[PDB]
Amino acid sequence: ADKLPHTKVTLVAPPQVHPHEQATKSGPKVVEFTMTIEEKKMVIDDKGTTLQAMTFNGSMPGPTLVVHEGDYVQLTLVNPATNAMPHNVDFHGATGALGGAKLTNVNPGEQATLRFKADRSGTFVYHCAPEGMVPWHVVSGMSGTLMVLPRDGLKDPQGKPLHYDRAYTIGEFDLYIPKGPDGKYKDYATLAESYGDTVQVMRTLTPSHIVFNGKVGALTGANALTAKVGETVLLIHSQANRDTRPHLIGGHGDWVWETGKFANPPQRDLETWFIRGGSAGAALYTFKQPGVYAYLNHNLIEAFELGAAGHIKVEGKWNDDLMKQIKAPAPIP
Amino acid sequence: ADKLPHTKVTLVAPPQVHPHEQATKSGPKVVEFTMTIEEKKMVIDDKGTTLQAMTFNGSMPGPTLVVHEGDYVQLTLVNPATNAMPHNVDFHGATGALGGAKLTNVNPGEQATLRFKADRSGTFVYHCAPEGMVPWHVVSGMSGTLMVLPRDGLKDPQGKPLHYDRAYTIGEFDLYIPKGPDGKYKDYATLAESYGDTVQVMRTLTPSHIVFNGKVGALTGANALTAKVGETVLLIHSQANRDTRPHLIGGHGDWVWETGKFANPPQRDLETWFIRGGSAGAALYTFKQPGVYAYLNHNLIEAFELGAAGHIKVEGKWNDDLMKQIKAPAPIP
Amino acid sequence: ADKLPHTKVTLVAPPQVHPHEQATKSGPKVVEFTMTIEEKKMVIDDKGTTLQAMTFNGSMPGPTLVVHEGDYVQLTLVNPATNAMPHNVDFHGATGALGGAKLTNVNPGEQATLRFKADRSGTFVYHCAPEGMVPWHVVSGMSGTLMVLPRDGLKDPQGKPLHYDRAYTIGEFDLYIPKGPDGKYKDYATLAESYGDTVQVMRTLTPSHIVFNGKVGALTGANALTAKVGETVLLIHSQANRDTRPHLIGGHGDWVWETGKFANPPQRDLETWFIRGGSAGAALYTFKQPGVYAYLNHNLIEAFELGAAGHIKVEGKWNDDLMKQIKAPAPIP
Ligand SMILES: [Cu+2]
Ligand SMILES: [Cu+2]
Ligand SMILES: [Cu+2]
Ligand SMILES: [Cu+2]
Ligand SMILES: [Cu+2]
Ligand SMILES: [Cu+2]
Ligand SMILES: [Zn+2]
Ligand SMILES: [Zn+2]
Ligand SMILES: [Zn+2]
């Protein structure tokens with residue numbers, strides 16, 4: 001590892017993913033990343049409910065880190081003195097030391113640097129895991145995805161090449177916001193004060209909200225995802241704590257690795273796939289019709305009532321062979 | 001599509017599936033179907049609890065529509081003036097326009113005709129999805145399965161032929177029936193009056209009932225499914241809103257497409273498979289022993305307490321090689 | 001079957017699995033086992049909560065039975081007069097008679113002997129299933145795993161040999177312990193007295209506890225699982241009633257059959273896999289780093305709050321290529 005060239009990657013905010021190559025002629029590198037933890041109160045719904053949140057780099061989810069199989073990930077994790085809690089990081093993509101958590105315990109005002117070999121291809125969850133407060137840090141927002149691409153790019157079941165033209169990252173967060181005697185959601189002055197009440201809601205296993213990217217409607221309106229007919233999108237979906245079942249309304253998973261590990265053949269033509277709590281998965285879809293699609297958790301209560309749904313606005317020409325309104329709504333003859 | 005021969009299919013009520021060919025020499029057709037929406041109060045359990053239900057063709061689930069890959073599905077959806085609500089249809093088997101929902105918005109007294117190309121093989125959920133009331137219409141009963149068979153029939157992982165002699169369709173419905181201050185289930189005079197109370201139960205994510213084909217015990221007694229030793233059955237299982245885990249007690253999934261998409265190799269020898277909420281899956285089993293089998297959701301609370309279980313009565317000769325009572329129950333020596 | 005040699009297997013208590021061969025030159029046998037049912041009150045958590053439990057052989061889960069594909073399993077099931085309830089056994093590995101339940105109905109003071117052909121390879125749940133009380137017997141602890149190995153051992157997707165050096169069996173139990181008006185868990189004088197209150201908790205679908213091997217912390221401290229760097233472990237995970245999502249923190253599923261059926265190719269490099277309620281699955285992992293790993297259900301609430309987590313203590317030499325602390329926690333420059 002010490003013989004290798006180093007490279008420095010600038011991260012970008014979800015739902016985007018930082019520029020990267022798929023298939024590459026480059027040999028292994030030590031790829032250097034930095035993330036800074038930010039605790040903060042966030043508004044998570046249309047009615048102004050707040051979450052005492054914890055984030056990597058200020059976002060839910062954290063940014064997606066992209067490397068290739070055989071690369072070494074070298075992360076500097078920074079925990080500013082303005083934060084209240086200790087933190088660390090557990091990479092599911094890593095081998096040893098509780099995913100790196102044991103080696104990255106950072107109090108406010110501290111930082112650490114971890115290196116590990118990304119020797120397995122796939123999308124992998126990373127998350128905070130401080131001893132004794134693991135679920136709280138995770139459900140409060142401290143997770144994201146490491147994508148380790150195969151050096152020669154994605155392959156189908158027959159070993160033929162697959163690619164995406166555009167990649168999006170979606171983190172789905174089951175939230176456990178307490179209510180007071182009046183049935184209204186509680187607003188907490190500090191992160192520490194939210195703790196006890198939150199654990200109580202957590203233990204019921206019933207989320208109050210389930211949101212993409214930190215808020216009801218985060219991926220809608222001005223913030224809808226975008227594509228054009230003929231473009232192939234990669235949709236990375238992470239859920240660090242609870243199962244979900246992604247679905248693209250009016251579309252499909254053309255090729256899907258629902259367990260998220262690229263050395264396995266993908267499945268094709270999926271209507272709905274399954275992301276296990278504690279994992280990230282990946283779906284390819286090539287758009288064939290223009291219009292506004294919904295991308296959602298297909299427990300439709302979890303989607304429409306609780307918040308697990310976004311939109312993708314697709315430009316291009318309508319295709320009558322694929323779908324045609326033969327007769328519009330009109331009185332019954 | 002306009003060059004093709006049209007064919008007209010008569011639908012049948014679940015658990016049966018309309019006569020169809022598996023492997024076929026026929027070229028692509030425009031296959032024409034009609035469904036009429038019926039809202040109605042249904043009795044859903046042994047104690048007389050009612051559901052203000054909504055159905056395609058009067059049944060939960062709707063009838064299964066069967067075509068071949070490359071066919072065009074052409075559906076006339078009828079919403080009689082005797083209904084109270086608007087409806088539409090979203091085919092997961094279709095590409096574009098939110099699965100056809102945007103093109104099939106029918107008020108009571110209206111109808112519409114949608115065509116789409118069934119270009120992907122598998123079992124696919126179809127369901128009602130009116131803007132702003134999607135989960136309610138789905139959980140109230142408005143879903144079913146489109147089966148798109150490969151033109152050359154089902155294949156195993158090695159590409160060898162598979163077939164069924166008999167097909168059954170099972171729709172599993174998580175119901176959210178409200179209770180009054182007395183703890184008794186509420187009985188509603190109209191569909192509209194059930195709405196607010198139902199959404200409240202929905203948001204708890206805890207079903208009051210989980211039933212096959214519209215009622216506790218729907219597929220039991222006089223209504224048990226049937227087969228004989230040596231016959232291969234296809235069990236189509238749809239769940240449009242919530243995960244389930246089918247299991248045949250005393251049997252197996254000989255070949256199972258749990259994600260329901262026939263271009264993928266099936267898995268063999270399954271004890272229990274997994275249907276993601278928002279999908280339909282398909283299992284083949286060839287009976288080897290006679291007797292009454294249970295086919296159920298293997299969360300046994302969901303099965304035995306909540307209603308997710310049916311029976312299959314199997315004729316034929318017992319096989320001592322497969323199973324033998326060596327010593328019947330008798331006092332401990 | 002009557003022509004075959006008989007062999008007699010002595011069972012061992014979980015998390016161990018009785019000595020057995022993987023690939024074998026031996027032809028089919030009638031493999032004889034005996035299990036004795038024990039009902040008993042068990043302490044299930046750190047605060048002294050009790051469960052009115054029911055067990056095969058005194059343990060949760062029951063012991064794992066291991067045979068080869070083509071063998072006949074011949075089980076003597078004993079229900080001592082000191083027990084209060086009738087019992088039986090349903091082998092998911094078996095064909096006919098509700099998995100053998102119909103042929104093994106044993107009242108206290110009775111026993112029975114069942115034979116069946118283990119004609120399908122994989123890990124399969126077995127559980128008690130007395131008519132009218134199936135979920136109660138299962139959730140109270142009456143389940144375990146039958147492992148049917150392929151005669152020529154485990155194989156990878158390409159048909160190359162796989163093996164384990166050490167096998168562990170983990171049964172995960174969703175428990176439904178009632179509470180009294182004071183919010184404290186109830187302590188019941190007899191098994192029968194726990195019944196009504198328990199069914200009520202069951203119907204909420206919310207477990208009070210979710211535990212590995214009968215107790216919070218069962219597989220921790222003195223009782224942690226063990227291995228060394230370079231050793232391959234098989235982790236058998238059974239869940240007879242509810243879904244779970246196993247994860248090894250700092251490790252992976254090198255080869256995983258999450259549906260648990262060995263004639264299917266395994267998936268590789270998994271971070272988290274999925275065991276469907278009503279099944280057993282199997283993962284291989286070869287240790288590469290020393291240290292204390294956690295093996296847990298990656299719904300982290302279910303793990304850390306409810307009890308679904310154990311430890312594996314691994315001996316050996318640290319590997320800096322796989323992971324290295326480049327800079328330990330230190331003040332931010
Ligand atoms: Cu943290
Ligand atoms: Cu984790
Ligand atoms: Cu409708
Ligand atoms: Cu849908
Ligand atoms: Cu029992
Ligand atoms: Cu069972
Ligand atoms: Zn492209
Ligand atoms: Zn046949
Ligand atoms: Zn070995």
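Below, read A as the first sequence line, B as the second, and so on, with proteins coming before strands; counting in each chain starts at 1. First listed ligand is number 1; within each ligand, the first listed atom is number 1.
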Main chain of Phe274(C), side chain of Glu258(C): is a donor-acceptor contact present, judged purely on distance under 3.5 Å?
yes

Sidechain-backbone polar pair: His237(B) side chain, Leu235(B) backbone, donor-acceptor under 3.5 Å:
no

How open is the angle at the Zn ion (ligand 9) from atom NE2 of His163(C) over to atom OD1 of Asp165(C), rounded to 10 degrees?
100°

Any luck finding a side-chain donor-acceptor pair between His247(C) and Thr272(C) under 3.5 Å?
yes

Counting backbone and side-chain atoms alike, is an N, O or S atom of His247(B) positioned under 2.8 Å from the Cu ion (ligand 6)?
no

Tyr285(C) and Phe287(C), any side-chain heavy atoms less than 4.5 Å apart
yes

Could you check which N/O/S atom of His92(C) is closest to the Cu ion (ligand 6)?
NE2

Any N, O or S atom of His127(A) closer than 2.8 Å to the Cu ion (ligand 2):
yes

Taking 2.8 Å as the cut-off, does an N/O/S atom of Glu231(C) lie below it from the Zn ion (ligand 9)?
no

Any salt bridge linking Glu172(C) with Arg242(C)? Criterion: basic side-chain nitrogen under 4.0 Å from a carboxylate oxygen.
no

